[PDB]
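Chemist: Got a structure here, written out as structure tokens. Questions coming.
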Amino acid sequence: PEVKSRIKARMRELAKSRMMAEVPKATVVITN
Amino acid sequence: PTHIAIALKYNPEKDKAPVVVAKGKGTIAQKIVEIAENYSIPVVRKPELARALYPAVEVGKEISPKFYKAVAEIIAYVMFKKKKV
Numbered sequence: 232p233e234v235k236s237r238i239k240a241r242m243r244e245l246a247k248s249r250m251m252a253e254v255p256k257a258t259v260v261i262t263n
Numbered sequence: 264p265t266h267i268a269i270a271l272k273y274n275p276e277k278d279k280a281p282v283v284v285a286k287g288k289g290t291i292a293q294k295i296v297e298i299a300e301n302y303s304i305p306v307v308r309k310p311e312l313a314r315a316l317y318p319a320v321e322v323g324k325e326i327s328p329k330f331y332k333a334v335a336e337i338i339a340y341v342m343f344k345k346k347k348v
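Protein chains in written order, with the entry's author numbering: chain A, 232 to 263; chain B, 264 to 348.
Spelled out as structure tokens, the structure:
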């Protein structure tokens, strides 16, 4: 369904902006 | 190349353990590294761990007691190096 997936996509996108903004608050990052 | 990252926030008085503030694959991972390097937040290459840590936890929630073993070792290395200057 076009709308439900567009809502999902957008929630995914919004979750990511929150997360990347919270990175300036990190003390350590583990990397591959 | 393949890309992954796990960002952690940890204060010694307030947090009993490290909070996962971000996790990332591909350009997301790269973004976390970049902002962090941008903030002079340390960045540690530990692939077997980063791999083992990713599916395990989630954003905003403190790591499992199980991980206290390898994470604390890292926070330690990070802080030993930063002491001299």
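All residues carry an ideal CB built from backbone N, CA and C; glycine is no exception.
Run through chain A and tell me which residues come within less than 9 Å of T265/B, C-beta to C-beta.
Modeler: By Cβ distance, chain A contributes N263.
Chemist: Using C-beta distances below 6 Å, list every residue in its chain close to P310/B, excluding the 5 sequence neighbours before and after it, in chain order.
Modeler: Nothing meets the Cβ criterion.
Chemist: I'd like to know if the region 314–334 of chain B and the region 274–288 of chain B are in contact, where contact means that at least 3 CB-CB pairs between them fall below 8 Å.
Modeler: Contact between the region 314–334 of chain B and the region 274–288 of chain B is present, because at least three Cβ pairs lie under 8 Å.
Chemist: Express the C-alpha separation of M242/A and residue 196/A in angstroms, rounding to a whole number.
Modeler: Since the first residue of chain A shown is 232 and the last is 263, residue 196/A is not available in this structure.
Chemist: From which residue to which residue does the beta strand (DSSP E) around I261/A run?
Modeler: Run containing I261/A: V259 to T262, per the beta strand (DSSP E) assignment.
Chemist: Cβ atoms of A299/B and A257/A: under 7 Å apart, would you say?
Modeler: In contact: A257/A and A299/B (Cβ atoms closer than 7 Å).
Chemist: What residues from chain A crowd round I298/B, counting only those whose CB sits closer than 8 Å?
Modeler: Within 8 Å Cβ-Cβ: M251, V254 and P255.
Chemist: Relative to the alpha-carbon of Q293/B, which residue among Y317/B, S303/B and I267/B has its alpha-carbon at the smallest distance?
Modeler: Considering only alpha carbons, the answer is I267/B.
Chemist: Can you tell which of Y273/B, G287/B and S303/B has the C-alpha that lies nearest to the C-alpha of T265/B?
Modeler: Considering only alpha carbons, the answer is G287/B.
Chemist: Would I295/B and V254/A qualify as a contact pair, given that the criterion is a beta-carbon distance under 7 Å?
Modeler: For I295/B and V254/A, yes; Cβs fall inside 7 Å.
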